[PDB]
Amino acid sequence: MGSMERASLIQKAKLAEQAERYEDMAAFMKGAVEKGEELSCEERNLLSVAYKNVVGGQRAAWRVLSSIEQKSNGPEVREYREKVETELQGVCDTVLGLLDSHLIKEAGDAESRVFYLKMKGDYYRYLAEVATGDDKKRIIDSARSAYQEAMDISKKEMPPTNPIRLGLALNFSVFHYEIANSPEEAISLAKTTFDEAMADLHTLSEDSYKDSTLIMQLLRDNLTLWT
Amino acid sequence: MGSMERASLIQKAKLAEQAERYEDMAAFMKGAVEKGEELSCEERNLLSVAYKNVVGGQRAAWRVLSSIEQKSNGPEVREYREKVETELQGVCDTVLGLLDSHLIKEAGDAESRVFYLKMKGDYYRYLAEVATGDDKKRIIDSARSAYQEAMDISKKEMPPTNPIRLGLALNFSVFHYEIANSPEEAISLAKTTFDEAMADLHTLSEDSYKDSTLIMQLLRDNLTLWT
Amino acid sequence: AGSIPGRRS
Amino acid sequence: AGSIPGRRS
Ligand SMILES: *Cc1ccc(C(=O)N2CCN(C(=O)N(C)C)CC2)cc1
Ligand SMILES: *Cc1ccc(C(=O)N2CCN(C(=O)N(C)C)CC2)cc1
Ligand SMILES: [Cl-]
Ligand SMILES: [Cl-]
Ligand SMILES: [Cl-]
Ligand SMILES: [Cl-]
Ligand SMILES: [Mg+2]
Ligand SMILES: [Mg+2]
């Protein structure tokens, strides 16, 4: 996207979101990142929404095919699951490459740095979902390490009701439950996150209260499923 | 897809449908067609479902962007609508190329020939939806001519309740209403199609009755919207 | 106006 | 288990 203006790439990313053209959206935001400037709060959201939708469709397809493959256990189901899996890993590697070159190293504010490290944890988590044994462990630790650094910063620098802090804790708890085989850690983190946000709600405006309580309900939904 | 077996392409098209990976599905069915053998009834359905989903997403995105462009009347909205529009026209041209090389000329049975000519009408209709003036008229006549030959065959060779005959009439009526500015022709065709199917339902098994009455309800829905 | 949905088969 | 839906913004 080297010949397109940064502002035009951002404008077209917003258009693609409205048209539910998420592959286009991700390509526009990739081009915007590669212009080399830091991203605004809104721009970080556009980057995240685009790739979350792209990889979300790939993950859903991978699970359908993996289930068919398991039930069957010719080469076609395995071959096609491998194709989808390779395309998913390519998208994850692309996002991780953007974070590493050079979004994270240039992110100095708590809001931007925690946001990018949460992303890094998420896309290693998606790699971990399809990994089998070999570097499954190293991928899992890469996800853990990214989430952990984001957690440490968010606890130092953000209020307990901050939506990025809350969503980070939500996803790290899903990591514990689904990836790390640590359901007790998952439940403990979700509970402590919810209770500390509850106690800080009195400080919020009506609009911030709605933002925070929305994500708190997601934590509650998981606790209800897990206990 | 030249190095993959025909049967493997068909198997993977079915897998892609289950995974809602319709771009993959269309590419697998394109490869199957290009093996050069005629398509079975089920295989024709797979071809049609795949490309209908692909172009359906493109049409939905084009309408979103065209509406934004109209409300605005920089270059970005027009440029991106033009991009989507070009990608849509490419998919339509691909399907039309498959029909012309060489599905239609080798289709001798009424069921296969009407099916392919209905497809040819549909994808010229999709081209007509985005065409502006220049060859809009020639594209419209190409759609009309394909639908008309399919209609002539279906009336001679198929019972009035045949689902392909019914769906052809439904889409040709949509052509009349939406493309050809002939709402009275659209209403007349839908009415006559519905009434002649109603009178032939007594001949059908319970399963065929469900197939036919489903499409008859679609004709009724349009008549309700149009009158 | 609805054409054949034809998105499932 | 639901992660952040994060599909809309
Ligand atoms: C990582 C991350 C944390 C928080 C948020 C966020 O503010 N929202 C995501 C969810 N959401 C929503 O409207 N529903 C689930 C209905 C918007 C608020 C994003 C990303
Ligand atoms: C061109 C064409 C005509 C008829 C058919 C057909 O048999 N069906 C399409 C619609 N359908 C359905 O289940 N719903 C609308 C719920 C399946 C039957 C296909 C294509
Ligand atoms: Cl494959
Ligand atoms: Cl900085
Ligand atoms: Cl563009
Ligand atoms: Cl033949
Ligand atoms: Mg510039
Ligand atoms: Mg062979």
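One-based numbering, in listed order, for ligands and for the atoms of each. To find a chain, count down the sequence lines: A is the first, B the second, and so on, and within it residues start at 1.
For B:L214, every heavy-atom contact with ligand 2 shorter than 4.0 Å involves the side chain, none the backbone.
Geometric assessment of A:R220 against the ring of A:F194 yields a positive cation-pi assignment under the 6.0 Å and 45° thresholds.
Using cut-offs of 30° and 60° on the angle between ring planes, the pair A:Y177 and A:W226 is parallel.
Rounding to the nearest 0.5 Å places CG of A:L46 at 9.0 Å from CG of A:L39. From B:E17, atom CD reaches atom NZ of B:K14 across 10.0 Å, with rounding to the nearest 0.5 Å.
Residue-ligand proximity, A:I164 to ligand 1, at heavy-atom distances under 4.0 Å covers atoms 2 (C), 3 (C). Numbered from 1 in the order shown, with element, the atoms of ligand 2 that lie under 4.0 Å from a heavy atom of C:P5 read 15 (C). For ligand 1 and A:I215, the ligand atoms under 4.0 Å from any heavy atom of the residue are 4 (C). Every atom of ligand 1 is numbered from 1 in the order shown, and the set under 4.0 Å from a heavy atom of A:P163 is 3 (C), 4 (C), 7 (O).
Residue B:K118 holds the heavy atom nearest to atom 3 (C) of ligand 2 of all those in B:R165, B:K118, B:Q217, B:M119.
A salt bridge links B:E149 to B:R113: at least one charged side-chain nitrogen sits closer than 4.0 Å to a carboxylate oxygen.
Using a 4.5 Å cut-off on side-chain heavy atoms (C-beta onward), B:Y147 and B:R125 make contact.
Residue contacts with ligand 2: B:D211 is excluded, as none of its non-hydrogen atoms falls under 4.0 Å.
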